[PDB]
Ligand SMILES: Nc1nc2c(ncn2[C@@H]2O[C@H](COP(=O)(O)OP(=O)(O)OP(=O)(O)O)[C@@H](O)[C@H]2O)c(=O)[nH]1
Ligand SMILES: Nc1nc2c(ncn2[C@@H]2O[C@H](COP(=O)(O)OP(=O)(O)OP(=O)(O)O)[C@@H](O)[C@H]2O)c(=O)[nH]1
Ligand SMILES: Nc1nc2c(ncn2[C@@H]2O[C@H](COP(=O)(O)OP(=O)(O)O)[C@@H](O)[C@H]2O)c(=O)[nH]1
Ligand SMILES: Nc1nc2c(ncn2[C@@H]2O[C@H](COP(=O)(O)OP(=O)(O)O)[C@@H](O)[C@H]2O)c(=O)[nH]1
Ligand SMILES: [Mg+2]
Ligand SMILES: [Mg+2]
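Residue numbers (the entry's author numbering), protein chains in the order written: chain JK, 1 to 440; chain IK, 1 to 440; chain 2D, 489 to 536; chain JJ, 1 to 426; chain IL, 1 to 426; chain 1R, 52 to 101; chain 3A, 59 to 103, 112 to 116.
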């Protein structure tokens, strides 16, 4: 049983999850209540819901998720919304006070008083599984929870489930747009602690998806639940082989081996492909070639960073639908001939393919159309450095004035951590430089 | 799309707005409240309003106008009249004490106290509008805010905006009647600062509108309400191509490029041909082959000259309603053959046409019968110099012995502008006679 | 308030030309088929 | 759950607090009797933060009614929403404040802080988890500056981990309705530097001008003047009460704002003010909302942001909006206007989004902002104090009450220290 | 294969170009939703020429629609066949062009170039073997003449081996629909001759004289003479997409007709023209049909064929017809009017026959010409240019936004260069 | 079952091609004796250029 | 359009009372979050030879 327990921490994680879980309750016909509309399909398959929805006595297809937050305000919706009878009572856990955009509370105060309960529920969920391919995580490298409680977990989990794909998916600080002035700190802090506790981090930024939802899906003014739909289509196309079948099938253990090059540079930027409103699509050709080319464009990329300022070190093209192996091969050959896209020298190859046979699922009420072919290229580009450096510049721009620290030391975090992390991130940046230098 | 705002300065300018905005309210189903007529209110059905109207979201259509005048008595009867609910209560601004038919008071003394309010208001119209195609400045030439204020008003509009078109449909001092004695002083001065800034005018008088009302229409004792209505009929026809799609669209940008031969000659006509009572059009069959002849006929047009010697040199014809391009073409090819309506031989093209698919509308309480077709004609001619140097000759009688000057120089005005008007004025009449007969 | 001036029937989208560029000899064949005499049928199988 | 406690002292804080629960009882759906009459289940779920529970559906407000003269008590109970207030929360002395800091804080103050703390301790133990207290007063008065400042000191020592709000009506520059305003306000801010976590300085004619140029009525009342003040303190605890897609509470609204312990004195502001003739003529949208939000003619304390520059700002939002324009029209105030922000803090705005607008509107926003422009609210109140304390103006009314003259010297000794830390980033 | 991409510039190209798309979605069988509903499989035999298959059986027509306003596209996107197109090709500006070159070719022209040439490009190598480019515009107005002529310069640089077809609308001789045309005509033709291979010099007035004389329609609008151009326009390329016993693509028509690269000046025609009341009064066979193919009243350029000796002639036919009646009849035409042809060419005429007539027809044909009288089109424009250029009549709007005076003189020198190169070949 | 949505479609092709051929005989055979019957009452069809 | 008036013909003029019950008049008909309205959208809603 290729099972996968999903952990959604932080206001984002939960919102993102609600959306992601709507796709899952649709891929497999699981009525937003628990019961599967009596039918046999490619989703009703005992071996197609097990990957996520656990079976019961009276088809109560429970989710194998664990939504966590510290401020009841958000998960009370998942508890008084359409999907209230699904998420098992205590599979969605909440606290009483938030973390107030601060890693300290998330790691040395408000967090501690909860990790115990959460870990216990993951132990229970794991026990029910028979092959926990991985523990998909979804946080927010900016808020106190997705930076603090998320860190605490990744650490404690390491010494409990050990070598077990802990794939990540966070909203790394955006380039210009930002919701907080205490993110520069939290971000440079979490990475330092999670770096050696995470396997892969399919990162994604809000600004990027925004433009993507204005240049393509012309949804001018977009809400979060709009960007959270495509931040959830990536999770399906990433975890589709463990459910629906196909020719070449990729697993939640293949990415780490085919993408992460060295045990530190584990941050593969992500990009989907057929992002066209159900009004500008029909009138166009969405063939393997176009969709593949679309992904390697210096814009469709879902992270505000241009690959043309960096080198690729591993690309995982995960297709889905009526895709023909032959076309893929020819399309990948073209993206190799192009010299505007450059691959590093220590990666002669650098293409990991995967072709599930299930076409993209259409969410009832969304900008995306009803396509037949789709790709989701994860890429470990050395253009994530330009980003890490700007976050670093911000951390130093304020640490000099020891600003916004009064409420970081007086919550537990000794002033030392600031430097520990700062210096470590400086190593990551210098690390990326050498990794790029073409072999001599 | 394709929007253009209006500005009504002066009593003549604002009272045309007290009669022109009736016409637009009857065009697009806008009741005096400012809404769709309660019933017949679909969810959303056009963009035709957008040239002179804008949504508030709820369903009220605030007009795109600026009502400024130094006399609040002419502003109060639209503040307390039928259209108190249409105009935004803050765009419609007044002064305290009138400029009192002095160019000094409209540009130096009290004009300065209200420049900040109009230009702050006009720029939020420009910010709200997405693509602006012209300015509709409605201003007379007789008073101190009809003439003095619009000299300073469009001077600031020509430096803050630049390449936007300027339009005028208002009242020029009559050659034989007048309602003020200082009209040869105000009109001789407001032309000085409106040569390189203004690109349209209305050279003919208002007693021609008395002549059309009395002798074309079957009305005796016509009134300024009837005069203001007939001028408002022409503003709707020049802007009929900005709301209603026709056979060939003629929007606001090439009214500029076609009707000005030289940059100091920017004076087109305003001739609405079918000014026909209900009592005559039951009696008469109106054809498009004759409505252009009637528009060129000395009878129906308001061209204050003898059109025997009316030397037209840049014509523009705009059609509304049941028209076909050949009986436009057959009538307009017949008219170049036809001799005593003398044209310019060195402009073999001469004409341009515009055809709209909307029939001409009628307002209740008027004498015009709703005609199936109408034509509006704006031709730049050189016969204005007969009515132009005569107004200069009207200024020369008071020029010698300095009558009425002590109200100017006594209250903020230099005497040099009384001279500097004259040579620029003599240079303009020099320009009109220079284009006469050099090619024979 | 009445229709004043000459009504000229026009069709702005332009179906009038499509009717007259349809060659009203197969308009009758769309709406049927001709029945001619036999001795224009039998004559013309000989000398045309 | 997420209970916060509201306090108020003096007749200034009482007319603020009475109007503050005119609008929340309107918001949650509480009638002037006490029963629920709303239309949605959303405004009954997190009502625990302000309204308690009693048998019969009687949602009781959560306050301690503090004053020194009972005339304001009759003003509160005889008001339109004065029936719902719990009667033994009306704690009142029988001798007036004297318009004086001294007897309001030392002699008549100390005789009633035990009777206020007892009902504060009584109320605060019936909740499950408490975030903090919230107090509205006037620095120019006698009760709010005298007793209300002592209550700030007492509840901070007892509950150190809890957050604190004060909504202080700072004295006005141009008009003055109290001569001893430079005396009564320079000693209350002496305790506001350390005993408070969030301070929202509010000027009085900064309410008069906005109510004149924007709400556009030539004759304002105190209730309309208190209406704007009640809007933002309801707007600050927006996501604390109602759901949304980006939720921030009072503490999360503190951490992202102040970089230093003492620089915590703020500028409130409410964005969607029109007047009611032009509610139907103006299209309300986010770019028009955030333009009037950052425009300083709509500033709720009489300071000019042109003289200094903002340290950080926040703007929590209401209604059913998008996220692209609470970013594109929010970077634009930073990038296009870059000289009016400090350069040592890279980003400068907290954005929080709720789903529920206030009762009456579709889409609203409130503005709070730390600035260097608060320096000259303290410069002039120094100049009002330095020119007046030097010639021993009214000290015999203060040194005869039970505090020495030397306690006045420390008042500007750390007010000027507030400045030196304000002026250093200028 | 042999596909061509369509381009529509300006408003005039946006109806005569659009009216082609109802004509050819009539002829190929494509319904206005976009799918296929026809009767014959020879209809979907070479659909690759004008359309590209999108998804699931619909044929979106490939065309780049360029204009400076969206309102002329409001009659195209919301036409009967507006939702067969793709919305990405609807590229447009924001403000007006207003018949000016320096506004439509220099200032506002150059801004929209990057957004038009990318969608021209990215649609060009989506296919395998490009045959040519297919413009549709006018010469009277600079909104489309300004953009269409520039689009020639930037396409011919990177596509030198492709065939250029432009459907220019030359000004009518007697009366104009725009006063500034003779500037717009010479500034078009100055590099339209040197950068294009096929231009069709159709004016509106000859199309009118067709509708009055050989059609007997008293009030046909702009939707009627458009169908006369559009249905003729399909028969020019009828051998690309419909099989025949002697095929002729656009290009072997190009190699055959023009001898010298100064002559890209063609005149079309259509063979079944007569009234509804004059149907049974006429014989539909090619001895009774090629007469009106060569008649003066079925010429779309208003140029006298008696004044004009035809240089090269292409006659492309439709339907099951004999080939000796194509060839013997064409010399039978040449015998009676041998003086009004040229005699240095042994065969002035090129023939081509297709096997598929249009709907409602049993046999049809269409004409492509090249005559001596197309000179008088160009001298008249020069006569209307020099009289308008002598006093620099409308020059101050060209000089106003970035155009040099000398480019008018270079165009006029090239204008009479075409007249002098053309009279020597006579 | 996924074969069966493809099985019935090709079976519809077999019926389609066998009824077009049979209807082709009927239409031509009817048309000839339509001509034959009219030729006895002194009428006939018009063939173009007959 | 004042709810309460201070210059009206009444006798007692309470200055402590406001003149306006609300800041505006246009409250959204229904009160629904985006995480509800949106996620609550899942609800919403041949051959011749077979
Ligand atoms: N991409 C994305 N990010 C979100 C979304 N919702 C919240 N976030 C992130 O959440 C961060 C702000 O913190 P919160 O929303 O309060 O979430 P949190 O991690 O629980 O933070 P605390 O409440 O302080 O503990 C921002 O940086 C956002 O990036 C979402 O829907 N999409
Ligand atoms: N057609 C028309 N013309 C009007 C109307 N009202 C005024 N006029 C003309 O406007 C002129 C009035 O003189 P102005 O110089 O414009 O007066 P003003 O603009 O109010 O300037 P001040 O009086 O100084 O404030 C008269 O000569 C009329 O011919 C009107 O209602 N309809
Ligand atoms: N904002 C506001 N201020 C008020 C109101 N009523 C009184 N004040 C202020 O309170 C100040 C006087 O304070 P005082 O009555 O002595 O306060 P107390 O001693 O605490 O009761 C004056 O300067 C007023 O500006 C009100 O309704 N709203
Ligand atoms: N053949 C034809 N020409 C048209 C039609 N509509 C407009 N025109 C031409 O358009 C010309 C006017 O110039 P204009 O439309 O402004 O061209 P633009 O500026 O490029 O858009 C006239 O000369 C007409 O001949 C039509 O339906 N058919
Ligand atoms: Mg949180
Ligand atoms: Mg006046």
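Backbone N, C-alpha and C define an ideal beta-carbon position, used for all residues, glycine too.
Cβ-based neighbour list, residue 22 (chain JK), same chain, cut-off 7 Å, excluding 5 preceding and 5 following: 363
Whole-Å CB distance - residue 89 (chain JJ) paired with residue 119 (chain JJ), under 8 Å assumed: 6 Å
Any alpha helix (DSSP H) of 4 or more consecutive residues that is wholly inside the region 78–105 of chain IK: none
Chain 1R contact residues for residue 153 (chain 3A), given Cβ-Cβ distances below 9 Å: Any property of residue 153 (chain 3A) remains undetermined from this structure, which presents chain 3A solely from 59 to 116.
Residue from 393 (chain IL), 28 (chain IL), 18 (chain IL), 11 (chain IL) whose Cα sits closest to the Cα of residue 359 (chain IL): 28 (chain IL)
Any non-hydrogen atom of ligand 2 within 8 Å of residue 113 (chain IK) CB: no
Member of 125 (chain JJ), 152 (chain JJ), 121 (chain JJ) whose CA lies at the smallest distance from the CA of residue 136 (chain JJ): 152 (chain JJ)
First through last residue of the beta strand (DSSP E) which encompasses residue 404 (chain IL): Note, residue 404 (chain IL): premise wrong, no beta strand (DSSP E); not H, not E.
Cβ distance (whole Å) where residue 350 (chain IK) is taken to contact residue 318 (chain IK) below 8 Å: Not really, about 15 Å apart at Cβ, beyond 8 Å.
Chain JK contact residues for residue 322 (chain JJ), given Cβ-Cβ distances below 7 Å: 221, 222, 223
Beta-carbon contacts of residue 238 (chain JK) that lie in its chain and below 6 Å, excluding the five residues immediately before and after: none
Span of the alpha helix (DSSP H) around residue 144 (chain JJ): 143–158
Residues in the region 82–102 of chain IK having any Cβ partner in chain JJ nearer than 7 Å: 88, 89, 90
Heavy atom of ligand 1 within 8 Å of residue 147 (chain JK) beta-carbon: yes
Test: residue 18 (chain 3A) CB closer than 9 Å to a CB of chain JK: An answer regarding residue 18 (chain 3A) cannot be provided, because it is not within the stretch 59 to 116 covered by chain 3A.
Three-state class that DSSP yields for residue 305 (chain IK) in the structure shown: coil
Limits of the unbroken alpha helix (DSSP H) element including residue 274 (chain JK): From DSSP, residue 274 (chain JK) is part of no alpha helix (DSSP H); its letter is neither H nor E.
Reduced DSSP secondary structure (H/G/I, E/B, other) of residue 52 (chain IL): strand
Same chain, Cβ closer than 8 Å to residue 377 (chain JJ), neighbours up to 5 away in sequence not counted: 170, 201, 203, 301, 302, 303
Cβ-Cβ separation, residue 324 (chain IK) to residue 219 (chain IL) (assumed contact under 8 Å), whole Å: 5 Å
Residue 5 (chain JK) to residue 191 (chain JJ) span [Cα, whole Å]: 52 Å
Sub-9 Å separation of residue 355 (chain JJ) and residue 287 (chain JJ) beta-carbons: no
Alpha carbon of residue 436 (chain IK) to alpha carbon of residue 310 (chain IL), nearest angstrom: 43 Å
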